[PDB]
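[1] begin with these chain(s), straight out of the complex:
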Amino acid sequence: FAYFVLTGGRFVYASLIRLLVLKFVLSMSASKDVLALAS
Amino acid sequence: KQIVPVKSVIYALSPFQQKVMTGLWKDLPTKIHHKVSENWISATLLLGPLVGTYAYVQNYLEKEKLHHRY
Amino acid sequence: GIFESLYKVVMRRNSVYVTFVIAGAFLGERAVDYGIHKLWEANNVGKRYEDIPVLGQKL
Amino acid sequence: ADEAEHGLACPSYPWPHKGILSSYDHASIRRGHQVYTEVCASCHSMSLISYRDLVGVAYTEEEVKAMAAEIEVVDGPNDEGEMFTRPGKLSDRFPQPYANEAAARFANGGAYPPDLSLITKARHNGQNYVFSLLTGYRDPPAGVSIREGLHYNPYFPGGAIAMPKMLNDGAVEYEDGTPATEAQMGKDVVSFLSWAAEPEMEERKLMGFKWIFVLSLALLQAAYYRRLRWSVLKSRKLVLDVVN
Amino acid sequence: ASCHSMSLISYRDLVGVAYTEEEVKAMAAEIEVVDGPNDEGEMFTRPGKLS
Amino acid sequence: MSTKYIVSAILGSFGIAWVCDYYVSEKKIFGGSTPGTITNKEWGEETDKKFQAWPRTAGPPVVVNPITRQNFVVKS
Amino acid sequence: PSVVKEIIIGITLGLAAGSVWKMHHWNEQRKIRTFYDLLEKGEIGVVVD
């Protein structure tokens, strides 16, 4: 029971970390106005 | 930063032989009673000046506005 | 018990445990996202962009 | 005095986009953009919103292309250094009605009609304030006769506002046949303005719901993990060889 | 000056180097420069200044 | 000990009562009818607008529930 | 356990609840009184037109 509770929390944490990392990287990625000016 | 030994004898049980989330619910009424009876004075000294000043401010603002109402 | 069964399955080597956690995070995030999307669509019926009566009548 | 200076307080209207799970009424956003283009774009400007912002929100892409092709904007120097005007594309921002602040003030009697992009976030109690401001062109109270060249508006700080009562019954003809009244027009234009000030509201609300739920589950796990790790310490018995 | 431009050298740079301040002020007043919108909102033109 | 069982059974009882109610008075597994005054769905509308001005036989329209509704005419 | 303390606190809570209810009743009575007062000597009428 303890390890399964810990596992549920652990993949919650994994979800959170992936979210944060992708937010930062995609923010450093391209922009909507540039994509509009791509023609 | 030395450690002072005390010459005790300690028995401890493994974490996997105990209920882990029951002590939070065992004695809720007694714990609420203890919190209130131990901190009512501090609660009065915290929330007392705030509420008193707030009542005074709204009262004085009401008087001032009604007085200046032509 | 089910806990002991799943323990004997995926809690004897750490690599599988990590892999299991990875599978769990992806699947659970997708499930929660689907549930929240269904809840949002149920709560905001009529207000969507796709169902406004004059979506293509200006032309 | 002070009361008129701070303006009559604005009530709390039940906006359709209020609540932890509530979306913009996109039909109302389309209607509000119509009313803004019809009556409000003569004096006010947005200058922070591109035509492409309307794609997928209130208009379809071809409709936005046609609407942009309607107006003409000045484009940079050609191969002769001269300037020219070409029909607006899907990336150009909304047109500006006045050359600059000086021209705006000159055309509107020294008062500058503010930029409307972030109007609902640039006022206290934004959306309610804007709706009340637009709808509440009331008869001034007794013995408060305001000067010529202004209009009385109880919500505006000071009571005297510079723009005339614009929203009138039957001012515009809605595309979908919605009966145009002052209150309806105000509701639609405020919905459109609130979307303009915050186009990310729906995505933000969805992210907030999902992550608060997920982090609450994480919180329970953290609570259990801490209790489990500390339970060998909290349920321990020690004998110390002392009484008092 | 008919073809090439400096656009980094202000008139004030010349005082105490090649010309005196009166000479530089007269030279600047020789030419015209567009100026920001007036109270009526139009872009007008005024004789140049030292700066 | 049993609080789990007691609370679970109470919630189940509410569920069963709801199901029986839904079958017996919303779809009427036992024959019956519904008034024309509730299915029209616009009757309450006019009922409220009429509490604003209730018709009368001798005299102009007059209000009802003046106190508890705070609805009444002015100087005239 | 103190019997007199329990009865005192019970009476005090009863009086507090009664005072809340009486304040409610007094406000309702004032509303009725002012409504009828105006109905005789004020703008308020009852026939719509």
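    Okay, I see it. Numbers count the residues shown, from 1 in each chain, chains lettered A, B, ... in the order given.

[2] so the helix or strand hosting residue C:21, near chain D or not?
    In the assignment (DSSP states H and E), residue C:21 maps to helix C:14-43. Yes. Interface with chain D: helix C:14-43 contributes C:29, C:32, C:33, C:36, C:37, C:39, C:40, C:43 (Cβ under 8 Å from any Cβ of the partner chain). Heads up, the C-betas are built off the backbone N, CA and C, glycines and all.

[3] mind listing what the second one touches?
    Applying Cβ atoms under 8 Å, 6 or more residues apart in numbering or on different chains to residue C:32 gives the contacts D:210, D:213, D:214.

[4] ok, it to residue D:204 distance?
    17 Å (Cβ to Cβ, to the nearest Å).

[5] and for the first one?
    Counting by Cβ to Cβ, the gap between residue C:29 and residue D:204 amounts to 18 Å.

[6] give me the residue from chain A nearest chain G.
    residue A:1 (42.0 Å; Cβ to the nearest Cβ).

[7] residue of chain G closest to chain A, please.
    Counting by Cβ to the nearest Cβ, chain G gets nearest chain A through residue G:1, at 42.0 Å.

[8] contacting residues around that residue?
    Taking Cβ under 8 Å, 6+ apart as the definition, residue G:1 has no contacts.

[9] tell me, what residue is most central in chain A?
    Centroid-nearest residue in chain A, with Cα atoms, centre = their mean: residue A:19, separated by 1.9 Å.

[10] in this structure residue D:175 contacts residue D:34, no?
    Yes. Between residue D:175 and residue D:34 there is a contact at 6.8 Å, judged by Cβ atoms under 8 Å.

[11] neighbour count: these two, which is higher?
    residue D:34 (22 against 13; other Cβ atoms under 10 Å in any protein chain shown).

[12] packing partners of the strand or helix carrying the more buried one?
    In this structure, residue D:34 is located in helix D:26-35 according to DSSP H and E. With contacts taken as 3 or more Cβ pairs under 8 Å, 6 or more residues apart in numbering or on different chains; DSSP states H and E, helix D:26-35 sits against helix D:182-197.

[13] next secondary structure after the helix it packs on?
    helix D:201-234.

[14] go through that next one and flag the buried ones.
    Buried residues in helix D:201-234, counted by 16 or more other Cβ atoms under 10 Å in any protein chain shown: D:202, D:205-206, D:209-210, D:214, D:218, D:221, D:224-225, D:227-228, D:231.

[15] for residue F:43, see how far away residue F:26 is.
    Applying Cβ to Cβ to residue F:26 and residue F:43 gives a distance of 19 Å.

[16] to clarify, my last question referred to residue A:17.
    58 Å.

[17] extra chain here, label it chain H:
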Amino acid sequence: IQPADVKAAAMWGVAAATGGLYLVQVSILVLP
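    To build on what is shown above, here is chain H added in:
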């Protein structure tokens, strides 16, 4: 000991690949 070591290394490689896919979901690479 070598068979166990290589088996463990392969298991960790599978875990690493799963983490990589999770971080960068690429159906573009998965499909072919």
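
[18] returning to what we had before: skipping adjacent residues, who's closest to the residue nearest to the centre of chain A in space?
    Among residues not flanking residue A:19 along the chain, residue D:211 sits closest, at 7.7 Å (Cβ to Cβ, 6 or more residues apart in numbering or on different chains).

[19] quick one: the one you found from chain B, how far?
    Per Cβ to the nearest Cβ, to the nearest Å, residue D:211 is found 24 Å from chain B.

[20] what's the answer for residue D:169, then?
    35 Å.

[21] contacting residues around that residue?
    So residue D:169 contacts D:180, D:181, D:182 (Cβ under 8 Å, 6+ apart).

[22] which of those tops the neighbour count?
    residue D:180 leads those on contacts (other Cβ under 10 Å) with 20 neighbours.

[23] phi first, then psi, for it.
    Backbone torsions for residue D:180, taken as degrees, to the nearest 10, come to phi -80, psi 110.

[24] that one is in contact with residue D:173, isn't it?
    Yes. Using Cβ under 8 Å, residue D:180 is in contact with residue D:173, at 6.9 Å.

[25] ok, longest helix in chain A?
    Ranked by residue count under DSSP state H, the longest helix found in chain A is helix A:2-28.

[26] can you name the element that comes right after that one?
    Trace forward from helix A:2-28 with DSSP H and E and the next one is helix A:32-37.

[27] contacts for that next one, please.
    D:50, D:52, D:90, D:91.

[28] switch the cut-off to 6 Å
    Outside helix A:32-37, the residues within contact range by Cβ atoms under 6 Å, 6 or more residues apart in numbering or on different chains are D:52, D:91.

[29] so how far is it off the chain centroid?
    The chain centre lies 23 Å from the centre of helix A:32-37; the measure is Cα atoms, centre = their mean, to the nearest Å.

[30] ok, stretch D:141-159 next?
    Using Cα atoms, centre = their mean, the offset of stretch D:141-159 from its chain centre is 26 Å.

[31] what residues of that stretch count as buried?
    The neighbour-count check on stretch D:141-159 (16+ other Cβ under 10 Å) flags D:150, D:151, D:152, D:153, D:154, D:155, D:156, D:159 as buried.

[32] looking at those residues, spot the one nearest chain G.
    Nearest member of the buried residues of stretch D:141-159 to chain G, counting by Cβ to the nearest Cβ, is residue D:154, at 22.9 Å.

[33] list the contacts for that closest one?
    With Cβ under 6 Å, 6+ apart, residue D:154 has these contacts: D:8, D:136, D:138.

[34] residues contacting residue D:186?
    Residue D:186 neighbours (Cβ under 6 Å, 6+ apart): D:131, D:134, D:135, D:167.

[35] okay, now chain I:
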Amino acid sequence: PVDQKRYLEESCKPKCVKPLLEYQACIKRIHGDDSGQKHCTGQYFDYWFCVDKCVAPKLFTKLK
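    Adding chain I to what we have so far:
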């Protein structure tokens, strides 16, 4: 195109006639005065605050 807001505020006018009566009392006092600054916007604010508070939900439930 009858204005829903105007109709609703007229309907709720007799709900809180007390601020309106106070405002009329000030109107009579100011008419008697006819020489001072004589604004009393406070009565105006109270009365219209009450009406606006009344017409809060009804307006949007009546709007399309």
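
[36] repeat for the contacts of residue D:186, accounting for chain I.
    D:131, D:134, D:135, D:167.

[37] what's the spacing between residue B:38 and residue E:48?
    Residue B:38 is 80 Å from residue E:48, by Cβ to Cβ.

[38] wait, residue I:42
    In terms of Cβ to Cβ, residue I:42 sits 58 Å off from residue E:48.

[39] ok, residue I:18 next?
    Relative to residue E:48, residue I:18 is positioned 70 Å away (Cβ to Cβ).

[40] quick one: the longest helix of chain A to chain centroid distance?
    Distance, centroid of helix A:2-28 to centroid of chain: 8 Å (Cα atoms, centre = their mean).

[41] what is it packed up against?
    For helix A:2-28, the helices and strands in contact under the criterion 3 or more Cβ pairs under 6 Å, 6 or more residues apart in numbering or on different chains; DSSP states H and E are helix C:14-43, helix D:201-234.

[42] what's the angle from that helix to helix D:201-234?
    Here helix A:2-28 runs at an angle of 140 degrees relative to helix D:201-234 (axes from the mean of the first three to the mean of the last three Cα atoms, to 10 degrees).

[43] between helix C:14-43 and helix A:2-28, find me the angle.
    70 degrees.

[44] list the buried residues in helix A:2-28.
    A:5, A:7, A:8, A:9, A:10, A:11, A:12, A:13, A:14, A:15, A:16, A:18.

[45] how about stretch I:20-33?
    For stretch I:20-33, by 16+ other Cβ under 10 Å, it's I:20, I:21, I:23, I:24, I:26, I:27, I:30.

[46] let me know the outermost residue of chain C.
    residue C:59 (38.5 Å).

[47] quick one: it is in a strand?
    No. Assessed with DSSP: H, G, I helix; E, B strand; the rest coil, residue C:59 is coil; it does not lie in a strand.

[48] compare the contacts of residue D:186 and tell me which is most surrounded.
    Neighbour max across these (other Cβ under 10 Å) = residue D:131, 27 neighbours.

[49] list the residues that contact that residue.
    Here residue D:131 is in contact with D:186, D:190 (Cβ under 6 Å, 6+ apart).

[50] ends of stretch D:97-115, what's the gap?
    11 Å (Cα to Cα, to the nearest Å).

[51] I misspoke; the intended subject was stretch D:100-120.
    End to end - Cα to Cα - stretch D:100-120 spans 22 Å.

[52] list the contacts of it.
    With Cβ under 6 Å, 6+ apart as the criterion, stretch D:100-120 contacts D:43-48, D:98, D:126-127, D:130, D:162, D:193-194, D:196-197, E:37, E:40-41.

[53] mark which of those are buried, thanks.
    Counted by 16+ other Cβ under 10 Å, those give D:43-46, D:98, D:126-127, D:130, D:193-194, D:196-197, E:41 as buried.
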